Amino acid sequence: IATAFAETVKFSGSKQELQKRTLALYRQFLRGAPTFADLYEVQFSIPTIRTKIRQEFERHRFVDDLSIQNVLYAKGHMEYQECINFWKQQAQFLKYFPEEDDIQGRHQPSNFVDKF
Amino acid sequence: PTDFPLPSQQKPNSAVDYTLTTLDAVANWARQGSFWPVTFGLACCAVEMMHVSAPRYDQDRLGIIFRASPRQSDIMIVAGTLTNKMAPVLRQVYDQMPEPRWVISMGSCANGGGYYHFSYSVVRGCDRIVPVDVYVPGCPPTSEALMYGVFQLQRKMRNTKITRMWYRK
Amino acid sequence: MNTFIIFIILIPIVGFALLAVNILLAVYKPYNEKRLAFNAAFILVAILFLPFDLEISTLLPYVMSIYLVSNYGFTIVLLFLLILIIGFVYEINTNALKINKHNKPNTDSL
Amino acid sequence: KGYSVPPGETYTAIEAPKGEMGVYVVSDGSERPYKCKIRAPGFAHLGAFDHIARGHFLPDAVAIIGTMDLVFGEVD
Amino acid sequence: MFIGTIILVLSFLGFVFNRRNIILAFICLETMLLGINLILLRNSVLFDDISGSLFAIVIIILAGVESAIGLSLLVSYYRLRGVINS
Amino acid sequence: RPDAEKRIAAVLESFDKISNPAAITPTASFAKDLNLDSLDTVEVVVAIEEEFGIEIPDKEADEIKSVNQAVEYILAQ
Amino acid sequence: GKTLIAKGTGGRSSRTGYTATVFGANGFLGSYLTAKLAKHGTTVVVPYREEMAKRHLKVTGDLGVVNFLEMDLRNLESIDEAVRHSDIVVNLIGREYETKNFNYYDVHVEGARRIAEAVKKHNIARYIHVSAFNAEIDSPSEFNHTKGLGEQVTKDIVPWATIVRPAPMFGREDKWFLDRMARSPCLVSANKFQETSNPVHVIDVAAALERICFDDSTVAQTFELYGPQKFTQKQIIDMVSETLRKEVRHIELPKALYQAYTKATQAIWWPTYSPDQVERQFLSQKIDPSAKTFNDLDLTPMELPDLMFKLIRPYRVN
Amino acid sequence: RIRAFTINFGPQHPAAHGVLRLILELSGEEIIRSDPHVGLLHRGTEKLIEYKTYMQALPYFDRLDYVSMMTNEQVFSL
Amino acid sequence: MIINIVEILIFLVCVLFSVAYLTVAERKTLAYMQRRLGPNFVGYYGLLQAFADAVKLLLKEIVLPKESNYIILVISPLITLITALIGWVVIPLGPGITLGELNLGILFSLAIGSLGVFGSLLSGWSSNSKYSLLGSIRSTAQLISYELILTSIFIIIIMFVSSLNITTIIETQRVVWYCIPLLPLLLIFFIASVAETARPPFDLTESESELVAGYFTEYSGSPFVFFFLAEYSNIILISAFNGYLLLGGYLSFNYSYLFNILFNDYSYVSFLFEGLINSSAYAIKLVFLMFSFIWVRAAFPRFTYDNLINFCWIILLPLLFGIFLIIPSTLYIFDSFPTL
Ligand SMILES: CCCCCCCCCCCCCCCCCC(=O)OC[C@H](COP(=O)(O)OCCN)OC(=O)CCCCCCCCCCCCCCCCC
Ligand SMILES: NC(=O)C1=CN([C@@H]2O[C@H](COP(=O)(O)OP(=O)(O)OC[C@H]3O[C@@H](n4cnc5c(N)ncnc54)[C@H](OP(=O)(O)O)[C@@H]3O)[C@@H](O)[C@H]2O)C=CC1
Ligand code: SF4
């Protein structure tokens, strides 16, 4: 009998309509980025948020089936729902951000020789 | 300068201490006497914790009068199992807590993960989160057990030797 | 001097004393991690608090010298309390919060 | 090896003192249960809480938690 | 009567040069009504028993209702309790 | 209108992936003229609304394809 | 000591077998290096002196990777016991002030000589000794004089002496680099009110010490950990006061008039601002021309200001 | 129109025997919208007894509802 | 000059040592009332817990980046100075004939009990938390609304007095045991007295973890012992203030001491004894009063703010205005008015 930020679940049929719907989702998910940086007090900048959001949607550019893209849309809008307020905490929130290199030391240079 | 008198000294163990054992034991007795926690109280082990507030094994015969506020607290009894979801809230509670702080891990689940320990959503012991000074074993440990851990913590407090550690013993 | 001025002067210094004991020897090392809304009954209570204080301030000299005004100060203050109590019978009719959401209407069909 | 359990489904509810507890068990026909789903009044009454709590104050809500037996070790 | 005129004048030209914070102006206008009583009370003390101090207890009882109407009117300097606006 | 699109051709120029600002004719396309992604189209739309401190509805974000449309909606305040 | 493939693994409790011992480590720098050291499965003997301060180093690893021993630099036997079983040993040690029981001598010279004698008596590979920036043999900051003597003693015996000279450090709870910026009731010193030098971030110091403490082919080299770019002066105070409060309030007092507070400092319960710090305010980074740095051990330490944005941000106005 | 704010009700000790994280929104200190938030304690018994035997299952099973223990034992046993 | 400073040190150590052991006293009597035993372990007998707890909780001292220290480092000292201690400036029947107070008693106590309220309000003003300061405004609103019907009833009981200096009430009340025997609105004074110094069955702004795991601010350290000591000291002061006017000092055995001291002493041997039994009388009238506070702590639960303002501005106050529509009336009827 309520919402929190108007999460709706109704998957359309046509892939064009799903395209437009994910597009508007991307706009809200991008617009909330200074609200995110306010809310969680990250070290990095707002353009780091924006390039990583763009990275996350380019992870699923070439997914064929609209009947997979439905639940991908639900995951996207739902994690927008859990990010637009303070359900997620910053320790929960840094699981998207492999930010620093110096945690690792010297490591694998993706050569076979240094697997050994 | 450039020379050194300082010889091979004892361990932190002494008896010749003028006035510092007395003053330190007074302050340590004050800290050892009142001793209130804040409840964090997550599960069944909190039911035994509130059984220590029951009249059979009363807290207030010792001084344990817990407030519901992490600044007014001294020690932070983690009881119940500890989810993956909880643990940042627990460490944030732990940080807003004044510097003479200790942690009691009440309950087997609270230390080394306990009876679940093999969940995706449980933390394998609060040693992954907060530093702990007294463990308390077993699913739900007895009210006897929690008070025995409390007296062992106070027995640890009786060896804190903080004032003569300012004197660098 | 010498009577209670000592008390109202000693006491602020005792307050600063028990304050300024532990400002030095408590360990600080502060690590980290350390518009609005309304109602009418949250405001009008304290607004209407004030006149009913200072009518008691009005009443206080009368109750100081209740004597030297006999048979007549009684009449005047009875008129004063009548004029005030009608203000009370104004304000009894309205001041309460109202639960906004509780509906009951009967259901109809075609 | 535990023991043999015949296959199939069942569901069984008794009134625990917090409400109807249901246990829904799909047994494989083997040593170990292929599915167990609990059903908790502390997971349903908590679900109803928003529909009940509207039009109150916060110290109303503190009492109305305790009325419907919200001990959250019976959530999942 | 230096003691009351000085606080009255400073409250007054504080109420003039008040290009910040409407409520500081409002309380300077309040403190005028106790800058005036330090004039009135010491004139009554230099004179007599209750002639001007009756007016003093009047202006105290009425300065209460001054601040009461001023608050309960400042609440309505806007919309009421709170809504969308601009 | 005047020098609003100065600010817009400053923001889009400050935005990357457009190596030729001489290719930015003002009254020109986004995805035809500069090969902007449909994702990147509304990305720079949100960049534009964030620069002017203004908030747009959904259909106003739907209709924008060239910046003359954008300036024409900028004109609404 | 011989090992397997490299340092950086991909999972905790995939344990190494390297048995390290870190002196000090209750306070400032020794947090983050044992945080990097127990993160990747190494046994750490961390000795201590105060029981209530050693606790928050336990949660870095789970089991057997943190241990407590009751050392004291007076006691030979305690340090003797402390590194019987060790494999590598670092000592970050040395207060920035004398105690009521310690000279500046024999907190990193004969205090260093005892533990290095224990190293030579135990044949411990990979002894690493930190020492201060600007570690001369000249007088003017007898702190620096004593660190130069300490480096001399650690090179007298034990050619296994990787000496590392970090710059003024920069991290959370900076002892006298940002606590005198953050709390800063009236930061007032520096007769020469500018003219300091290189800052280095603390997790970069810890990464440098981590990437030195495991690889070989670096025995007896000395390192200096330079600031990345800026080598900047007290004008960074202005960047510190780029945060809106600007409460920094440097009042640039005379030199000999400033001594009295430092001579007050010996009487106090807690340490404040002892005069070798005041003398180091007249110094700068006497940068070694020949000492290997982050570029030698393949690191790039982070810059000052953008990291300072994260590092001081509880302390804003609104 | 309505411009309402929100609070978090209990991190640790609001109601005893409950980690009652309740994200609760108020206009006039009226609970116009209520969003209980539970699930902090998802210890995952529902997964765990899929790999345990039936004799092993029961001391998982009264860890749910820890104030009515052997009744929960009894409903599983029935 | 030397006698009065050692006087004031004796009286301060009495009140301070008093309010120290009062918290142990109430915890013991709650515990026996809760069918258990209180602090029974501390040191030498078990009378000592608060006297060690004070030394305990000094040594904590946190500050908060959401708030200026300059207000919260002083605002619990404010109510420690004014609300707790200089309410005793009136020497609320310093239980002999004599006091440490010159005159003009009751409205000084009124003024300082009035002065404590924004000590509570500015305390709750802190930290700029949008869920906190509304709770502060709640606390202060109910606090002033029961201040008003302390005020408007102890100004009407002095209508049987008309003299405003402190003692004249007490010498007036020894004839009738005037305090409660002529009027039982003591009880509503008592139920007013739990609110204006909230150690109550109301507990109202102590929504301890209903807010974000903190109730007032959690200003722990020396401000905590300041707030704690000042709340308990406000309790024993307002309890004395009840035992001052509307409960009686000077128990009737001192009125009968005409039939006792004339059978005990010859002629004025340094006034050795009568101040002691008079103090005994006032002390047993005071601790027996606050024993009912420690009852009502553990008898009836919290009291629901909207109903609390219902309980102020709808019921008690019109009954009150009736009750001083009759106490001016009835003495005017029956015989006459009091002089001063
Ligand atoms: C006639 C000849 C004499 C003439 C002089 C007359 C003087 C008489 C003395 C004063 C008269 C006493 C008046 C008492 C006022 C109390 C009235 C009252 O409490 O009303 C109840 C009211 C109930 O709430 P509500 O729901 O709004 O009521 C509507 C129901 N349809 O409100 C409530 O919610 C109840 C809350 C009450 C809280 C009380 C808490 C416990 C107090 C008990 C401790 C006192 C015991 C110690 C003192 C006793 C000493 C003997
Ligand atoms: N301005 C600076 O501080 C700079 C630091 N350095 C070097 O980095 C090293 C580590 O820095 P930092 O992390 O801040 O050091 P710490 O402030 O953390 O202190 C070092 C630890 O070792 C303890 N310790 C060891 N031996 C003694 C002893 N004889 N007497 C008293 N205490 C002793 C200290 O006290 P306890 O015994 O109580 O545990 C302390 O806990 C420093 O020694 C310094 O030489 C270099 C550049 C700049
Ligand atoms: S330790 Fe035992 S009693 Fe506590 S929550 Fe875990 S299973 Fe329950």
# chains A, B, ... in the order shown; residues from 1 in each chain; ligands from 1

$ closest_atom_pairs --of "chain G" --to "ligand 2" --cutoff "8 Å" --atoms "only C-alpha atoms and all ligand atoms" --output "JSON lines"
{"residue": "G:23", "atom": "CA", "partner": "ligand 2", "partner_atom_place_in_ligand_line": "22 (O)", "distance": 6.6}
{"residue": "G:24", "atom": "CA", "partner": "ligand 2", "partner_atom_place_in_ligand_line": "22 (O)", "distance": 3.3}
{"residue": "G:25", "atom": "CA", "partner": "ligand 2", "partner_atom_place_in_ligand_line": "21 (C)", "distance": 5.6}
{"residue": "G:26", "atom": "CA", "partner": "ligand 2", "partner_atom_place_in_ligand_line": "41 (O)", "distance": 4.8}
{"residue": "G:27", "atom": "CA", "partner": "ligand 2", "partner_atom_place_in_ligand_line": "18 (O)", "distance": 3.2}
{"residue": "G:28", "atom": "CA", "partner": "ligand 2", "partner_atom_place_in_ligand_line": "13 (O)", "distance": 3.5}
{"residue": "G:29", "atom": "CA", "partner": "ligand 2", "partner_atom_place_in_ligand_line": "13 (O)", "distance": 3.4}
{"residue": "G:30", "atom": "CA", "partner": "ligand 2", "partner_atom_place_in_ligand_line": "13 (O)", "distance": 5.5}
{"residue": "G:31", "atom": "CA", "partner": "ligand 2", "partner_atom_place_in_ligand_line": "13 (O)", "distance": 7.7}
{"residue": "G:48", "atom": "CA", "partner": "ligand 2", "partner_atom_place_in_ligand_line": "39 (O)", "distance": 5.5}
{"residue": "G:49", "atom": "CA", "partner": "ligand 2", "partner_atom_place_in_ligand_line": "37 (O)", "distance": 4.7}
{"residue": "G:50", "atom": "CA", "partner": "ligand 2", "partner_atom_place_in_ligand_line": "38 (O)", "distance": 5.7}
{"residue": "G:53", "atom": "CA", "partner": "ligand 2", "partner_atom_place_in_ligand_line": "39 (O)", "distance": 7.8}
{"residue": "G:72", "atom": "CA", "partner": "ligand 2", "partner_atom_place_in_ligand_line": "29 (N)", "distance": 7.3}
{"residue": "G:73", "atom": "CA", "partner": "ligand 2", "partner_atom_place_in_ligand_line": "29 (N)", "distance": 5.7}
{"residue": "G:74", "atom": "CA", "partner": "ligand 2", "partner_atom_place_in_ligand_line": "29 (N)", "distance": 7.8}
{"residue": "G:92", "atom": "CA", "partner": "ligand 2", "partner_atom_place_in_ligand_line": "9 (C)", "distance": 4.7}
{"residue": "G:93", "atom": "CA", "partner": "ligand 2", "partner_atom_place_in_ligand_line": "43 (O)", "distance": 4.1}
{"residue": "G:94", "atom": "CA", "partner": "ligand 2", "partner_atom_place_in_ligand_line": "43 (O)", "distance": 4.0}
{"residue": "G:95", "atom": "CA", "partner": "ligand 2", "partner_atom_place_in_ligand_line": "19 (O)", "distance": 5.4}
{"residue": "G:96", "atom": "CA", "partner": "ligand 2", "partner_atom_place_in_ligand_line": "3 (O)", "distance": 6.1}
{"residue": "G:99", "atom": "CA", "partner": "ligand 2", "partner_atom_place_in_ligand_line": "31 (C)", "distance": 7.2}
{"residue": "G:102", "atom": "CA", "partner": "ligand 2", "partner_atom_place_in_ligand_line": "29 (N)", "distance": 6.6}
{"residue": "G:106", "atom": "CA", "partner": "ligand 2", "partner_atom_place_in_ligand_line": "29 (N)", "distance": 7.1}
{"residue": "G:107", "atom": "CA", "partner": "ligand 2", "partner_atom_place_in_ligand_line": "29 (N)", "distance": 4.5}
{"residue": "G:108", "atom": "CA", "partner": "ligand 2", "partner_atom_place_in_ligand_line": "29 (N)", "distance": 7.6}
{"residue": "G:111", "atom": "CA", "partner": "ligand 2", "partner_atom_place_in_ligand_line": "29 (N)", "distance": 6.7}
{"residue": "G:130", "atom": "CA", "partner": "ligand 2", "partner_atom_place_in_ligand_line": "45 (O)", "distance": 6.3}
{"residue": "G:131", "atom": "CA", "partner": "ligand 2", "partner_atom_place_in_ligand_line": "45 (O)", "distance": 4.8}
{"residue": "G:132", "atom": "CA", "partner": "ligand 2", "partner_atom_place_in_ligand_line": "46 (C)", "distance": 4.0}
{"residue": "G:133", "atom": "CA", "partner": "ligand 2", "partner_atom_place_in_ligand_line": "47 (C)", "distance": 5.4}
{"residue": "G:147", "atom": "CA", "partner": "ligand 2", "partner_atom_place_in_ligand_line": "45 (O)", "distance": 7.4}
{"residue": "G:165", "atom": "CA", "partner": "ligand 2", "partner_atom_place_in_ligand_line": "46 (C)", "distance": 6.5}
{"residue": "G:166", "atom": "CA", "partner": "ligand 2", "partner_atom_place_in_ligand_line": "47 (C)", "distance": 5.0}
{"residue": "G:167", "atom": "CA", "partner": "ligand 2", "partner_atom_place_in_ligand_line": "47 (C)", "distance": 4.8}
{"residue": "G:168", "atom": "CA", "partner": "ligand 2", "partner_atom_place_in_ligand_line": "48 (C)", "distance": 4.0}
{"residue": "G:169", "atom": "CA", "partner": "ligand 2", "partner_atom_place_in_ligand_line": "48 (C)", "distance": 5.5}
{"residue": "G:174", "atom": "CA", "partner": "ligand 2", "partner_atom_place_in_ligand_line": "14 (O)", "distance": 7.6}
{"residue": "G:175", "atom": "CA", "partner": "ligand 2", "partner_atom_place_in_ligand_line": "14 (O)", "distance": 6.0}
{"residue": "G:176", "atom": "CA", "partner": "ligand 2", "partner_atom_place_in_ligand_line": "1 (N)", "distance": 6.3}
{"residue": "G:177", "atom": "CA", "partner": "ligand 2", "partner_atom_place_in_ligand_line": "1 (N)", "distance": 7.2}

$ write_last_selection --atoms "C-alpha atoms" --output "PDB file, in the first residue's frame"
ATOM      1  CA  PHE G  23      58.508  -3.063  16.583  1.00  0.00           C
ATOM      2  CA  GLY G  24      56.378  -0.236  17.874  1.00  0.00           C
ATOM      3  CA  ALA G  25      53.298  -0.625  15.675  1.00  0.00           C
ATOM      4  CA  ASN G  26      50.757   0.357  18.321  1.00  0.00           C
ATOM      5  CA  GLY G  27      50.703   3.895  17.056  1.00  0.00           C
ATOM      6  CA  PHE G  28      50.749   5.610  13.779  1.00  0.00           C
ATOM      7  CA  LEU G  29      52.738   4.066  10.951  1.00  0.00           C
ATOM      8  CA  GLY G  30      52.713   0.537  12.282  1.00  0.00           C
ATOM      9  CA  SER G  31      48.963   0.277  11.916  1.00  0.00           C
ATOM     10  CA  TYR G  48      53.879  -3.799  22.656  1.00  0.00           C
ATOM     11  CA  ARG G  49      54.195  -1.849  25.857  1.00  0.00           C
ATOM     12  CA  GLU G  50      50.625  -0.798  26.697  1.00  0.00           C
ATOM     13  CA  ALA G  53      46.554   0.212  22.967  1.00  0.00           C
ATOM     14  CA  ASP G  72      60.778  -3.334  26.580  1.00  0.00           C
ATOM     15  CA  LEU G  73      63.991  -1.818  25.220  1.00  0.00           C
ATOM     16  CA  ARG G  74      65.495  -1.823  28.694  1.00  0.00           C
ATOM     17  CA  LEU G  92      59.641   1.659  13.403  1.00  0.00           C
ATOM     18  CA  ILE G  93      60.532   3.136  16.779  1.00  0.00           C
ATOM     19  CA  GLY G  94      61.219   6.425  18.464  1.00  0.00           C
ATOM     20  CA  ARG G  95      59.030   9.070  20.005  1.00  0.00           C
ATOM     21  CA  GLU G  96      59.206  12.626  18.691  1.00  0.00           C
ATOM     22  CA  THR G  99      59.935  10.912  28.058  1.00  0.00           C
ATOM     23  CA  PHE G 102      64.193   8.217  28.011  1.00  0.00           C
ATOM     24  CA  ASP G 106      68.891   5.137  23.368  1.00  0.00           C
ATOM     25  CA  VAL G 107      65.488   5.273  21.781  1.00  0.00           C
ATOM     26  CA  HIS G 108      66.898   4.750  18.314  1.00  0.00           C
ATOM     27  CA  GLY G 111      67.710   0.970  21.596  1.00  0.00           C
ATOM     28  CA  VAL G 130      63.257   3.198   9.475  1.00  0.00           C
ATOM     29  CA  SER G 131      64.895   6.509  10.208  1.00  0.00           C
ATOM     30  CA  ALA G 132      63.904  10.104   9.913  1.00  0.00           C
ATOM     31  CA  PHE G 133      64.058  12.426   6.982  1.00  0.00           C
ATOM     32  CA  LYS G 147      68.732   9.302  13.828  1.00  0.00           C
ATOM     33  CA  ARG G 165      64.059   7.477   5.348  1.00  0.00           C
ATOM     34  CA  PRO G 166      60.432   8.540   4.876  1.00  0.00           C
ATOM     35  CA  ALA G 167      59.418  12.166   4.556  1.00  0.00           C
ATOM     36  CA  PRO G 168      56.891  13.882   6.838  1.00  0.00           C
ATOM     37  CA  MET G 169      53.891  11.592   6.610  1.00  0.00           C
ATOM     38  CA  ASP G 174      48.654  12.356  11.611  1.00  0.00           C
ATOM     39  CA  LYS G 175      50.783  12.884  14.677  1.00  0.00           C
ATOM     40  CA  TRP G 176      51.980  16.455  14.088  1.00  0.00           C
ATOM     41  CA  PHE G 177      51.242  16.871  10.442  1.00  0.00           C
TER      42      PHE G 177
END

$ select_by_dssp --residues "range 70-251 of chain I" --states "helix (DSSP H, G or I)" --output "number ranges by chain"
I: 70-85, 88-90, 106-115, 117-128, 133-154, 157-160, 166-173, 186-196, 222-246

$ interface_residues --of "chain B" --to "chain I" --cutoff "8 Å" --atoms "only C-alpha atoms" --output "list in words"
residues 27, 29, 30, 31, 33, 34, 55, 56, 58, 60, 61, 62, 63, 68, 69, 70, 71, 72, 98, 99 and 100 of chain B

$ interface_residues --of "chain A" --to "chain F" --cutoff "10 Å" --atoms "only C-alpha atoms" --output "VMD selection string"
chain A and resid 19 to 20 22 to 24 26 to 28 30 to 31 34 50 54 57 to 58

$ residues_around --residues "residue 92 in chain I" --least-positions-apart "6" --cutoff "8 Å" --atoms "only C-alpha atoms" --output "count of residues only"
5

$ residues_near_ligand --ligand "ligand 3" --cutoff "9 Å" --atoms "only C-alpha atoms and all ligand atoms" --output "ChimeraX atom specification"
/B:42-48,79-82,106-111,113-116,137-141 /D:73 /H:59-60,63-64,66

$ interface_residues --of "chain H" --to "chain D" --cutoff "6 Å" --atoms "only C-alpha atoms" --output "compact mmCIF listing (two decimals) with N, CA and C atoms, in the first residue's frame"
# COMPACT_ATOMS: atom_id res chain seq x y z
N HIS H 17 14.96 -7.69 21.85
CA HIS H 17 14.88 -8.92 21.06
C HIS H 17 14.50 -8.65 19.61
N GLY H 18 14.94 -7.52 19.06
CA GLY H 18 14.73 -7.25 17.66
C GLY H 18 15.71 -6.26 17.08
N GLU H 29 4.61 14.19 12.60
CA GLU H 29 4.75 13.02 13.46
C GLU H 29 3.54 12.10 13.32
N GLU H 30 3.08 11.94 12.09
CA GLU H 30 2.09 10.95 11.72
C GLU H 30 2.73 10.01 10.72
N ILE H 31 2.49 8.72 10.93
CA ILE H 31 3.06 7.70 10.07
C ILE H 31 2.18 7.54 8.86
N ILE H 32 2.26 8.50 7.94
CA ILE H 32 1.48 8.46 6.72
C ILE H 32 1.90 7.25 5.88
N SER H 34 4.37 3.74 6.07
CA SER H 34 5.16 2.85 6.91
C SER H 34 5.85 1.82 6.04
N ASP H 35 7.15 1.65 6.25
CA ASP H 35 7.91 0.70 5.46
C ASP H 35 8.73 -0.22 6.35
N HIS H 42 19.27 -12.13 8.45
CA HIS H 42 19.02 -13.26 7.57
C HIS H 42 20.15 -14.24 7.73
N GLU H 50 19.25 -27.43 3.79
CA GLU H 50 19.25 -28.26 2.61
C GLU H 50 20.47 -29.15 2.51
N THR H 53 21.12 -33.24 7.61
CA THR H 53 20.17 -34.32 7.77
C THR H 53 19.08 -33.90 8.74
N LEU H 64 15.37 -20.36 14.93
CA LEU H 64 14.26 -19.49 14.58
C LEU H 64 13.30 -19.43 15.76
N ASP H 65 12.78 -18.23 16.01
CA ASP H 65 11.80 -17.95 17.07
C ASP H 65 12.35 -18.35 18.44

$ interface_residues --of "chain E" --to "chain C" --cutoff "12 Å" --atoms "only C-alpha atoms" --output "PyMOL selection string"
chain E and resi 54+56-76+80-84

$ write_last_selection --atoms "N, CA and C atoms" --output "compact mmCIF listing (two decimals), in the first residue's frame"
# COMPACT_ATOMS: atom_id res chain seq x y z
N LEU E 54 3.65 50.74 38.81
CA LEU E 54 2.40 50.16 38.33
C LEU E 54 2.40 50.10 36.81
N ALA E 56 5.06 49.89 35.18
CA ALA E 56 6.08 48.89 34.89
C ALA E 56 5.50 47.49 34.88
N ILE E 57 4.68 47.14 35.87
CA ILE E 57 4.11 45.80 35.85
C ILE E 57 3.11 45.68 34.70
N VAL E 58 2.49 46.79 34.30
CA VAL E 58 1.62 46.79 33.13
C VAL E 58 2.41 46.49 31.86
N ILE E 59 3.53 47.18 31.66
CA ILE E 59 4.29 46.98 30.44
C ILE E 59 4.97 45.62 30.42
N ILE E 60 5.24 45.01 31.58
CA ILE E 60 5.75 43.64 31.55
C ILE E 60 4.66 42.67 31.10
N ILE E 61 3.48 42.77 31.73
CA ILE E 61 2.36 41.88 31.41
C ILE E 61 1.95 42.03 29.96
N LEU E 62 2.07 43.23 29.42
CA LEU E 62 1.71 43.46 28.04
C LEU E 62 2.83 43.11 27.06
N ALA E 63 4.09 43.20 27.49
CA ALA E 63 5.19 42.82 26.63
C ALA E 63 5.20 41.33 26.39
N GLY E 64 4.69 40.58 27.36
CA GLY E 64 4.42 39.17 27.11
C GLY E 64 3.51 38.94 25.92
N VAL E 65 2.37 39.62 25.89
CA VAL E 65 1.41 39.43 24.80
C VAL E 65 1.97 40.00 23.50
N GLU E 66 2.85 41.00 23.60
CA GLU E 66 3.61 41.47 22.44
C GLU E 66 4.39 40.34 21.80
N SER E 67 5.23 39.68 22.59
CA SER E 67 6.03 38.60 22.03
C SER E 67 5.17 37.42 21.60
N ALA E 68 4.04 37.21 22.26
CA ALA E 68 3.16 36.11 21.89
C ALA E 68 2.53 36.35 20.52
N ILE E 69 1.97 37.54 20.31
CA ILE E 69 1.38 37.85 19.01
C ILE E 69 2.46 37.93 17.94
N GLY E 70 3.67 38.36 18.31
CA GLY E 70 4.73 38.45 17.32
C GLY E 70 5.22 37.10 16.85
N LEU E 71 5.33 36.14 17.76
CA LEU E 71 5.64 34.78 17.34
C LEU E 71 4.50 34.18 16.53
N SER E 72 3.29 34.21 17.08
CA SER E 72 2.16 33.57 16.42
C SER E 72 1.73 34.27 15.15
N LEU E 73 2.27 35.45 14.87
CA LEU E 73 2.13 36.08 13.58
C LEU E 73 3.32 35.81 12.67
N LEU E 74 4.52 35.64 13.24
CA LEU E 74 5.68 35.32 12.42
C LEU E 74 5.59 33.91 11.86
N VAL E 75 4.87 33.02 12.53
CA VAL E 75 4.58 31.69 12.00
C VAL E 75 3.84 31.79 10.67
N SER E 76 2.99 32.80 10.53
CA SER E 76 2.27 33.03 9.29
C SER E 76 2.94 34.08 8.42
N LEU E 80 1.32 28.44 5.83
CA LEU E 80 1.33 27.82 7.15
C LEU E 80 2.29 26.64 7.18
N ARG E 81 2.11 25.78 8.18
CA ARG E 81 3.06 24.84 8.77
C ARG E 81 4.12 24.23 7.85
N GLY E 82 3.73 23.77 6.67
CA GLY E 82 4.70 23.54 5.61
C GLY E 82 4.13 22.82 4.41
N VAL E 83 4.38 23.36 3.21
CA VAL E 83 3.91 22.81 1.93
C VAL E 83 4.96 23.07 0.86
N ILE E 84 4.66 22.68 -0.38
CA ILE E 84 5.48 23.09 -1.51
C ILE E 84 5.29 24.58 -1.78

$ residues_around --residues "residue 177 in chain I" --least-positions-apart "3" --cutoff "10 Å" --atoms "only C-alpha atoms" --output "ChimeraX atom specification"
/I:170,172-174,180-182,246-252

$ write_last_selection --atoms "C-alpha atoms" --output "compact mmCIF listing (two decimals), in the first residue's frame"
# COMPACT_ATOMS: atom_id res chain seq x y z
CA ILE I 170 6.48 27.37 57.81
CA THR I 172 2.07 29.55 59.59
CA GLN I 173 1.71 25.87 58.89
CA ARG I 174 2.55 24.53 62.35
CA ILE I 180 -2.02 18.49 53.37
CA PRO I 181 -4.59 18.28 56.16
CA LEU I 182 -6.59 21.23 54.85
CA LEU I 246 2.42 21.89 50.50
CA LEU I 247 3.91 19.14 52.56
CA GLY I 248 5.01 20.41 55.96
CA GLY I 249 8.26 20.85 57.76
CA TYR I 250 8.42 21.24 61.55
CA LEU I 251 6.69 18.04 62.69
CA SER I 252 4.24 18.28 65.59

$ residues_near_ligand --ligand "ligand 1" --cutoff "6 Å" --atoms "only C-alpha atoms and all ligand atoms" --output "list in words"
residues 183, 184, 185, 187, 188, 191 and 311 of chain I

$ atom_distance --atom1 "CA of residue 4 in chain F" --atom2 "CA of residue 86 in chain E"
23.5 Å
